[PDB]
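Residues per chain are reported as follows:
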Amino acid sequence: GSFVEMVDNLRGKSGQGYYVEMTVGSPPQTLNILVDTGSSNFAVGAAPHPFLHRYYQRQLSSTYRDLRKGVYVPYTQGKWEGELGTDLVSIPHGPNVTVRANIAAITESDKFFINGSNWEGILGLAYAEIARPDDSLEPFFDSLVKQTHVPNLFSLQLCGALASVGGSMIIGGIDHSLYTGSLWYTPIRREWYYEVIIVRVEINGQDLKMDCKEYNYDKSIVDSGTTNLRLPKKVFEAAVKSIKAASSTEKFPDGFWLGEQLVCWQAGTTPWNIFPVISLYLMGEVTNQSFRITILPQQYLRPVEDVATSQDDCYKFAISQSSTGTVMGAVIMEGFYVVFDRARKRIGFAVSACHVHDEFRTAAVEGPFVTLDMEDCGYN
Ligand SMILES: C[C@@]1(c2cc(CNC3(C(F)(F)F)CC3)c(F)cc2F)CCSC(N)=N1
């Protein structure tokens, strides 16, 4: 209901992610840690990489235990390698508890840390099934719940605005001051990523009319560690086609839609109203029942601040194609208060009390709707 100590416990800079302060070891070493619902390892810089403000110094911790096992973790765009151990962990602006958790001490990386960012590790909040090297490495939140009385759920309010960003991570509950209206829940299809099922997509109220299975090819997930709304290729093609149409009073280079060039307007003259809203219908809690979440151009047209060769307002098209399914990143989550109700295997959405909107349109969460054959939307 109300967890005042945890409100506003997230920080970041635009495009560089949201982080929470944590301590690791005895005595406690403070580190800023990126909050990532799209992975399941707790991995921290443990060596003086030049990009890092600080790093985990295992030699200073009396409660450090070595698992004597390494882990090599490649991504599409980078990689880290580290040494597994366990140690005492806490969240200063979180529950008043200390737990023994797995920690991967990162000892080598490439294109992982960000030059100029203020975080030096990652907190993977997803499930053991996708932990590296395998699912016997218990994720942080699983340890937290097993070792304490913290309820098995957490919620994220990501507020957006290099400008500073902020938000809240409520550990073990929900703060009803962070949202308006009602929460609506969609089932977690499988506990690996936070996988959900999209059953309908509308641009400005007009249905895309695809076989809904396409929306979830090969999965759809909710991911605080991804900035864009990523869409499967076939779906991205139809969504762009329809967004181009709704916004055809102005024209834009093909490269802009492909995220290959920015687009700029005179400071203060961005044509929000020429861009359509985007609605995702999600599978609901009941047979044949769905609800819809709606986002604005304010969410999927993102300011790019660090353009030294321009003085105008420049923006990046932040919807993009994927070959790993739909990814509801920050473009989606910044419109909503999102509740990761692990105990009940469901994800709640409500309109965020802090989301960015204008005088004509606001983000919305609405239901119930009648949607048939929603089980056919899932990819097997
Ligand atoms: C672990 C990973 C990851 C995320 C970020 C966070 N990416 C950001 C974001 F959080 F803002 F999205 C900084 C740009 C990294 F920095 C490094 C990673 F390996 C892999 C890529 S997608 C994901 N959910 N998690």
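Residues numbered from 1 in each chain as written, not as in the entry; some residues may be left out. Heavy atoms only, no water. Residues with missing side-chain atoms left out of burial classes, pairs and counts.

Structure determination for the deposited model, as stated in its record, used X-ray crystallography, and the stated resolution is 1.78 Å.

A. Spotlight on the nonpolar core. Of all hydrophobic cores here, the largest spans 103 residues; its most connected members are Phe 42, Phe 140, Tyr 300, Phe 317 and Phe 349. When residues of this core are assigned to domains, at least three fall in each of domain 1 (18-150) and domain 2 (151-380). If sequence neighbours within four positions are ignored, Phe 317 has contacts with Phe 236, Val 240, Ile 243, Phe 256, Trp 257, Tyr 300 and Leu 301. Among the nonpolar cores identified, the runner-up in size contains 15 residues, and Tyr 19, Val 71, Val 73 and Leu 137 belong to it. (Core = buried A, V, L, I, M, F, W, Y, C linked by side-chain atoms within 4.5 Å. Buried < 20%, exposed > 50% of the residue type's maximum accessible area, 1.4 Å probe, protein only. Domains from an automatic or database assignment. Contact = heavy atoms within 4.5 Å.)

B. Examining the site of the ligand more closely. Near the ligand lie 16 residues; those nearest to it are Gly 17, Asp 36, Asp 223, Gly 225 and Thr 227. Between the ligand and the protein, one listed contact pairs a nitrogen atom with a side-chain N or O atom of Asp 36 at 2.7 Å. In the environment of the ligand, a nitrogen atom lies 3.3 Å from a nitrogen or oxygen atom belonging to the backbone of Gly 225. Protein chains shield 77% of the accessible area of the ligand, which is 530 Å² for the free molecule. (Near = heavy atom within 4 Å. Polar contact = N/O pair within 3.5 Å; in protein donor to acceptor, adjacent residues only side chain to side chain. Areas by Shrake-Rupley, 256 points an atom, 1.4 Å probe, with all protein chains shown as cover.)

C. Here's a closer look at the sheet that holds strand 13 (residues 198-203). The 5 strands lie next to each other as 14-13-18-19-26, forming an open sheet whose pairing is antiparallel. Here the strands that pair on one side only, and so sit at the sheet edges, are strand 14 (206-207) and strand 26 (364-370). (Pairing = 2+ DSSP bridges. Helix = DSSP H or I, 4+ residues; strand = E, 2+ residues; numbered from the N terminus.)

D. Focus on a negative patch on the surface. A contiguous patch of negative charge on the surface is contributed by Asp 211, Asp 373, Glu 375 and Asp 376. Its location among the elements puts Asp 211 in the loop between strand 14 and strand 15 (220-222). Judged by relative accessible area, which is 47%, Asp 211 ranks as partly exposed. (Patch = residues over 30% accessible without salt bridge, like charges linked within 9 Å, V, L, I, M, F, W, Y side chains within 5 Å. Salt bridge = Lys/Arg side-chain N within 4 Å of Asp/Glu carboxyl O. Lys, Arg positive; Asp, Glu negative; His and termini not counted. Charge placed at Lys NZ, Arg CZ, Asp CG, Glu CD.)

E. The environment of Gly 166, seen in detail. Among the structural elements, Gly 166 can be located in strand 10 (residues 164-171). Those residues in contact with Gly 166 that lie beyond four places of it in its chain are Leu 10, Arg 11, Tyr 18, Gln 157, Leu 158, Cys 159 and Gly 160.

F. A look at the side chain of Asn 102. Mapped onto the secondary structure, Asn 102 falls in strand 7 (residues 99-110). Of note is the side chain of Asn 102, whose polar atom sits 2.9 Å from the backbone oxygen of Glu 138. If near-sequence neighbours (up to four positions away) are discounted, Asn 102 is found in contact with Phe 42, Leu 67, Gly 85, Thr 86, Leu 137 and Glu 138.

G. Layout of the UniProt feature "disulfide bond" in the protein chain. For the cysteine pair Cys 159 and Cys 354, annotated in UniProt as disulfide-linked, the sulfur atoms lie 2.1 Å apart, within bonding distance in this model. In this structure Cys 159 comes out as buried when scored by relative accessible area, which is 16%. Judged by relative accessible area, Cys 354 falls into the partly exposed class, the value being 24%. With 2.1 Å between their sulfur atoms, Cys 264 and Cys 314 do form the disulfide that UniProt assigns to them. With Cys 264 in strand 17 (residues 263-265) and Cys 314 in strand 21 (residues 313-317), this pair connects stretches of sequence that are 50 residues apart. Of the residues examined, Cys 264 reaches a relative accessible area of 35% and is grouped as partly exposed. (Disulfide = S-S within 2.5 Å. UniProt positions renumbered as here; feature names shortened; annotations may be inferred.)

H. Seen up close, the sheet that holds strand 21. With antiparallel pairing, the 3 strands of this open sheet are ordered in space as 17-21-20. Each of the sheet's edge strands pairs with one partner strand only, and the pair in question is strand 17 and strand 20 (301-303). Adjacent strand axes in the sheet meet at a mean angle of 40° when their direction is disregarded. Pairing between strand 17 and strand 21: 3 bridges, direction antiparallel. Opposite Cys 264, over in strand 21, you have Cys 314 as the bridge partner. (Axes fitted to C-alpha atoms, helices over the stretch in contact; angles between N-to-C directions.)

I. Examining the UniProt feature "active site" in the protein chain more closely. Following the UniProt record, the feature "active site" maps to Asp 36 and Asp 223 here. Relative to the assigned elements, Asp 36 resides in strand 3 (residues 29-36). Discounting chain neighbours no more than four positions away, the residues touching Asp 36 are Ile 122, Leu 123, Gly 124, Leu 125, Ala 126, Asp 223, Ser 224 and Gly 225. A distance of 2.9 Å separates a polar atom in the side chain of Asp 36 from the backbone nitrogen of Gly 38. Among the secondary structure elements, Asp 223 is positioned in the loop between strand 15 and strand 16 (229-232). Under the relative-accessibility criterion, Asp 223 is labelled buried at 7%. Excluding anything up to four places from it in sequence, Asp 223 contacts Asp 36, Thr 37, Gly 38, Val 327, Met 328, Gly 329, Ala 330 and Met 333. Among the polar contacts made by the side chain of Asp 223, one reaches the side chain of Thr 226 at a distance of 2.6 Å.

J. Geometry of the packing of aromatic side chains. A full pass over the atoms with the stated rule returns 27 aromatic pairs. Geometrically, the ring pair formed by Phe 112 and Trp 119 is edge-to-face, given 6.1 Å between the ring centres and 85° between the ring planes. Each member of the pair, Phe 112 as well as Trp 119, is classed as buried. Plain terms: the ring middles of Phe 252 and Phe 275 are 5.9 Å apart, the flat faces sit at 15° to each other, and that makes the pair stacked. With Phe 252 in the loop between helix 2 (233-246) and helix 3 (254-257) and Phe 275 in the loop between strand 17 and strand 18 (278-283), this residue pair connects regions lying 23 residues apart in the sequence. An identical accessibility class is assigned to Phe 252 and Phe 275; each is buried. Ring pairing ties together the aromatic residues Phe 252, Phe 256, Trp 257, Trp 265, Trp 272, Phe 275, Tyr 300, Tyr 315 and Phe 317, which thus form one cluster. When the ring centre of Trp 192 is taken as origin, the NZ or CZ atom of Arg 190, which lies over that ring, is 3.8 Å away. The ring of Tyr 185 has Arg 346 lying over it, and the distance from NZ or CZ to the ring centre is 3.7 Å. (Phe/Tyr/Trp six-rings, centres within 6.5 Å; stacked < 30°, edge-to-face > 60°. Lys NZ or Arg CZ within 6 Å of the ring centre and 35° of its normal.)

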